[PDB]
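Here you'll find one protein chain in two forms, each presented separately as structure tokens under the names structure 1 and structure 2.
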Structure 1
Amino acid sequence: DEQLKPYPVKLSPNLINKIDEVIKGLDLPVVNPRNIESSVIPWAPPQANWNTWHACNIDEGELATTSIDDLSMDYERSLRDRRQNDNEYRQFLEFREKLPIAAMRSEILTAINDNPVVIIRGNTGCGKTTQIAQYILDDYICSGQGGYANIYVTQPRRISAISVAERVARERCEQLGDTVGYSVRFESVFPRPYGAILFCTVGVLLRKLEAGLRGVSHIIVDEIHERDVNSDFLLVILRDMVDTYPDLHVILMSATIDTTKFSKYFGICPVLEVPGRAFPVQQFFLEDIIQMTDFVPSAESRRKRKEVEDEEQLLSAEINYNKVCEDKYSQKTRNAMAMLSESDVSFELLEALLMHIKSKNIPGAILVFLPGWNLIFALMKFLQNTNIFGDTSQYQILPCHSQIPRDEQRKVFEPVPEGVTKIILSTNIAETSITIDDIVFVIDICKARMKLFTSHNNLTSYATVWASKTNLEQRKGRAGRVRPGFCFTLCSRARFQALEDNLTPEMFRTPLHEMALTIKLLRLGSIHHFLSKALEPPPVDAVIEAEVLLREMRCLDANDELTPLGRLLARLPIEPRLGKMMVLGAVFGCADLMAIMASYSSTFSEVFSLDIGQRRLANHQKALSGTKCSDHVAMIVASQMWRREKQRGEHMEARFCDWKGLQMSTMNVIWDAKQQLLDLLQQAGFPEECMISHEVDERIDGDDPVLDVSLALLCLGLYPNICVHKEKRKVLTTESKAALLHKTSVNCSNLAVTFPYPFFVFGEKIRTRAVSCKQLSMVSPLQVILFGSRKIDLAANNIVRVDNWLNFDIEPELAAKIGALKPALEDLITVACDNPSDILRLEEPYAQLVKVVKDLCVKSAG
């Protein structure tokens, strides 16, 4: 299929002349543009005049001459004073004494002392993380070597690290940074140089590795059973380092996984198993809820589900275990099974579940393992819409994710008077080692939002995929760690019986560009050798594809595979492609818009709050995008009014957030990520004069070069996710794959709407029985050739193919000019990154290139 392309028909001769003078300034190739070892982290025992965390020689202060030996006796005296004066500390030791870990503490200490690497196994939350580091540090203190202890603990998520560090601080009745502190994204609270534990996430520790691990005696990797890519990376690093350095100790932690493989990973090392107080959890599946609550789906809801299903299946393995049932259950239960769908979770079933749990009248917080952010927000809006469940003094919902605003994360752990039965709507990542508070009932939807695919192919997919048996067991044991509780799993018993033993491990289902960037950054040589030395090698096709995609675009200062050299190519906490796009936007003077759109594309949360039911866009939901009919333009307008309203009032801006879309959490996340990116660039040498915010007026349709260039380099940022609007909602993605526009996007309409330019770019592609497209931006064809290009088959085809997938006339001379301009843009990127302090004042040809691109970027074509 093929859309139209041009709204007008006109080319301005002056623009062509400017392109000619720019192309002749640098003598760019005048031709049809179809042309063209493993290091180890240094280690050394702790010693004076050196800081362990910052890899600096302290300098200045009372520690410039005090030896570690004096600090040892100082710590002995301090601990004796703590034991003899701090009654609360003694009470905390008494509390720790009756933990199951304390009985085996002596054996644990002996094993750690006598062996360099030890795997510790036990139920998650039984007292591994909050106790092993304290035991190691206290053993080193009481042994006369207090200053020689420097323990790193690696929780899997930011929230886990922060909460565990604060809990450990609460146990020791001390503030953060004395001997316990956290090191996560957006913030760090560093501890004292000698004798301290720094609870830092795996990524943070990997970042710290660039400075060396001198002065670190113990590293405790936590929750290796999660088996995410970061933990595997850290395990490889620690295994190699311990192989090189014998004096270092490494402590691993597990919940339940094959012991023999992890033992053999170190040539057989001790595995210690210490149970906890796992009161038992009674598993009740969807059958029991149906037979108890008499769940009869409503006709209106039924009609909505069948109409939606008929709608998505119009685009042309459903065994549907929700029909299989035993003869014990009543006939009405089997019917209720028949008119329920396992593909999507019905809010009525959840409401019935919560009503039944309330009827139980058993105190205890309730956890819901929802798969995705969108479902979390939709369920929060439902349960706040409901009068019964919207009671402020009786019910409360606190979503629990790693990268939600910090205030909400703090609110998650904060206790409540009496009891409110917190409904913690969280995903699977936030389930371990935190314990939040007393947890009794788990409402496990039994779905996991596993990002599919590997390597550059399709670059994005966020289908909601069924969980596995091991995750079900872990989430069941997550409940009843206060009183025997119940794991109200939501599926048929046949579906559970057919559930897989475990998911595919995260390392084969994730891209390896960031892993390669980290390997080069810390100087661990080639990818092939390191991954052959890894816990399990990746497919070689995936490795080579990751290498070629990371080397094709400029995110590493490598001579065909050397390194990223210094910094500012893997330091960005965003995808490399978005980092390149945002650097280019900083070059063009549109750094603020580029940072906010990079944050929005990196945060797949919705920006418009859809109503409970009636899944569509209201009249007061599309006016933010104005005449541009673009998601990102609407983002900019909403964010600008957001700044104005947060400057002007607090409760009135809170109520203003009840206007068109305007989800609080998404705006907080995008603003914080944009601010972090801009601050990182300011620290990277780029001047602040080019990061000035520019107000965007959506209503006016015409000349606005800054917005045009932003919506342009978004095409470069989200390469190659370019979709073409055909009619109504159905569109086509690369390789002629059918897709549907999400109801969240502004461009969606129920009529035969023909947009002025039918070409769109998207960042999210949710996979279901059909294909959905989210975050749809309406980009003019000029931008499409400007950043999708490809080549026009002049060999008698006359069908003018560009961007490979799509096609129509762009006057191929101009297309060849952009083809020659592509390496000019790459060279501009290289020059800008070489001298971050000289971007605003470059040589005349680069300024001419920036100007000609900016005034070619005008969406007008006549």
Structure 2
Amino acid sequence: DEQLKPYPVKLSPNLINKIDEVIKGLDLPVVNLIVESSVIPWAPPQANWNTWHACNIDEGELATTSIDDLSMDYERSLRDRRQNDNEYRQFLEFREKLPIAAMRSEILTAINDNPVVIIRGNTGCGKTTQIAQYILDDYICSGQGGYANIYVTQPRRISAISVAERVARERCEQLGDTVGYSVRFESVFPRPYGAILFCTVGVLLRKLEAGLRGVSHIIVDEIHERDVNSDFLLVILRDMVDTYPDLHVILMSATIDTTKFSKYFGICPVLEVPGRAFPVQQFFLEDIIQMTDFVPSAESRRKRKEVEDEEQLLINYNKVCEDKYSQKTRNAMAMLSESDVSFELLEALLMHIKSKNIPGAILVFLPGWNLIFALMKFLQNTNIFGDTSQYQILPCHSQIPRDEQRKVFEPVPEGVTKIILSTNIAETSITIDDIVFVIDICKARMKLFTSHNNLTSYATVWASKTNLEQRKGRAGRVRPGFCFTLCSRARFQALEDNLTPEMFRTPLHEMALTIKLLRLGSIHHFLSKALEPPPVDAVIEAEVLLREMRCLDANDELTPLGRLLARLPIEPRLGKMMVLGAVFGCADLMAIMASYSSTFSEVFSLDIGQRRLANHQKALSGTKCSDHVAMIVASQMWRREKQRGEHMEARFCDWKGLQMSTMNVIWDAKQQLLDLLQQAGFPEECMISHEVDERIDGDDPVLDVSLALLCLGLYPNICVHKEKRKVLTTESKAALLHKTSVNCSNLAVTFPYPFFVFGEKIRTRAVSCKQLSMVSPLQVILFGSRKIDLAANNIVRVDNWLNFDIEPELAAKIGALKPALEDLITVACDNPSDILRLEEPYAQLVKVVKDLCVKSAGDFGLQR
């Protein structure tokens, strides 16, 4: 049965003496192995109240002024702007030509009569950009300008930011006067009365803590993606409208049978908004190879065979085609591979586009982030497509920093065709500029939750009928356009109808944390009140996981309460590891590791076609053999280069193969997490950065304890290397080390320790684990474990699949010490300002854990 050979490990007598002394000081039990609804408050607009911050103003102004005076001021200012601004006149002329204007008055009537109204219409017809302004202008011109307050919940950060900027531009002003936005890392707030605040749904859910006192309209945009946050918000607003009859809620959808939504809200009006127009032609893989005369490069086929023999060691719809097509067409179609994307095919497509000499920017729905930057660097390398003359390739996503959003959104002269590389965030979303050409690869990266309770996996899966229809409709927008769908006709015939609602394929622990943070009641009842309740077993699994490891005020009853790990914008496990790092004084390293582990961006840029990092990107990890350590060192010295001259910052980014966007994302997330810990009560003095000297070969207390807390925070992602690129994950499941990690090599390379912890598992072609870090057996025994047992021949069983050789009393001592760590977390949470001045027994526990989590602490008497 290929029994795993136990890893030899011993500790010095002084260490075990410290263990028994600390377990006697703590006096923990040892073994000889482990022992309602509050309807969020709402109130009409009231003087001396700031709606967005939910607190009384009490400042120099807005104190002795009634709402009516402000309404009169707003009305007079609006008339002045109408009668004095020519730009405003031109923008009004432009707004009066949209289809929404033809229904404008009608729309208002519904909002003035029914508390909830759904607005169904085509994307790009002017719903999010026009409805809020219509409501606000109606309220201002009606003499009630100060009585209006409009939240607009956009689905993603980039959508909210871009739509807020566009709305501000349409009113000939700047952000923060009457239109603002509030997304993660970035909040620009408008004036207290008569303003529009574009905020993402999660930001609104967090703002719900203090209540929506003073909000008159809430506009949930893009309800048809059916993400879990939108469903939470829909339930919340349903109860809010049921209790408060004066609140106005407007839901917006594009392509769905809105009958279900109408039935959900007790039969609410659904207004059908006329579709502007614009035709689109759809050509498939068959027609593409026919009119481009593509020759599938057999040399690249041999390369693909060589690079795919890996998975081969341990039904295709590309082979099916109708007889109307030529023999060469079907032969080349068969030669192509469905799973991978042929970049030579994309260059043939771009050749066809340039040959058509029809102007207009093109946009491509690339599968995923890695593929987006791979195509980025490939196109930048080519000559005809990639030079700054007549062409430029620009990426779009939510996680990219704001710096590139400005340059992609802003228009360019001479018509350089603006090749946009986007994820699926551009179908029912911002719509950017004019589009005439839509190239869809029919692939999308999705967090494919394999039901169960844990082991979050990610996979690139085929899109759906509705997504493809939306992407085809995204072609017509400035000139009749064309849609090149890169798949066979049989593949489209085999695509699923609609993608499943997100609630059925996401964990619900954060959902329940947010539910109980706002005092909404029992999780089961609240989830049963949703549109489509999630499967019950998922609810019990999430609740039992939350009732398991706690860094909160949670307990064991129907009202356990909850604080922290929910207001922290990170998964509860990583927040728990953050708090533990704040206890040990290594909060900075843990924060940056969490920021890198919660982001899908890659730390290292790989050239066009490789299997690993050749020498210099591997040199950063050095003797640690980990991506987290190399990531940390790269981030510090990148910060150094950025603090000094920007030129060498960029030059270094290119020279060591690091990505500026990735470093900026991890840096911003690290500072946000450190701040949100600061306001939680943890002093700054334990968050001082510790420089990581990778050159030191051996003992390093801060780095070793950081890897230990990583083992704690990434449970149950622990794997054992066997040979070459093969590792075993839980239940002894085979997996291959990701080619991007530093632990991958084509030579017969052996590691000092075989235990690794990995961030995510990308199932693009096979089970592949990325974000790898090698950890000693003691770290796995302490932190990266949950089940400890004694097997035959005095062999310790860890997680029922890991074999260890150790004295049973020592393993029992560590197992009893784990509840001591839990109680330390609870004590630190009780008084966050007293975490480095603890009781003497807890100080001893921290000291012994620090001395025990050392890299070389488990090699006593072993040459290794």
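In this text, rigid core is short for the largest set of C-alphas that superpose within 1.5 Å between two forms. Structure 1 provides the reference sequence; residues are numbered from 1 along it.
Novice: Choose the one of the two that is the form solved in complex with ligand ADP.
Specialist: Form solved in complex with ligand ADP: structure 2.
Novice: For the core superposition between structure 1 and structure 2, please identify the residue among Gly215, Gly788, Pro758, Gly122 whose CA shift reaches 2 Å or more.
Specialist: The answer here is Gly788.
Novice: Once the two forms are fit on the core, has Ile810 moved its CA by at least 2 Å between structure 1 and structure 2?
Specialist: The answer is yes; the displacement is at least 2 Å.
Novice: Quick one: core overlaid, is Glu431 moving 2 Å or more at the Cα between structure 1 and structure 2?
Specialist: Yes; that C-alpha moves by at least 2 Å between structure 1 and structure 2.
Novice: Relative to the superposed rigid core, does the CA atom of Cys629 travel 2 Å or more between structure 1 and structure 2?
Specialist: Shift at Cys629: below 2 Å after core fit.
Novice: Supposing the core is put in the same place in both forms, how far has the CA of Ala133 shifted between structure 1 and structure 2, in Å?
Specialist: Its C-alpha moves by 0.4 Å once the cores are overlaid.
Novice: When the rigid core is overlaid, by how much has the CA of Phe389 moved between structure 1 and structure 2, in Å to one decimal?
Specialist: After core superposition, the C-alpha of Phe389 moves 2.1 Å between structure 1 and structure 2.
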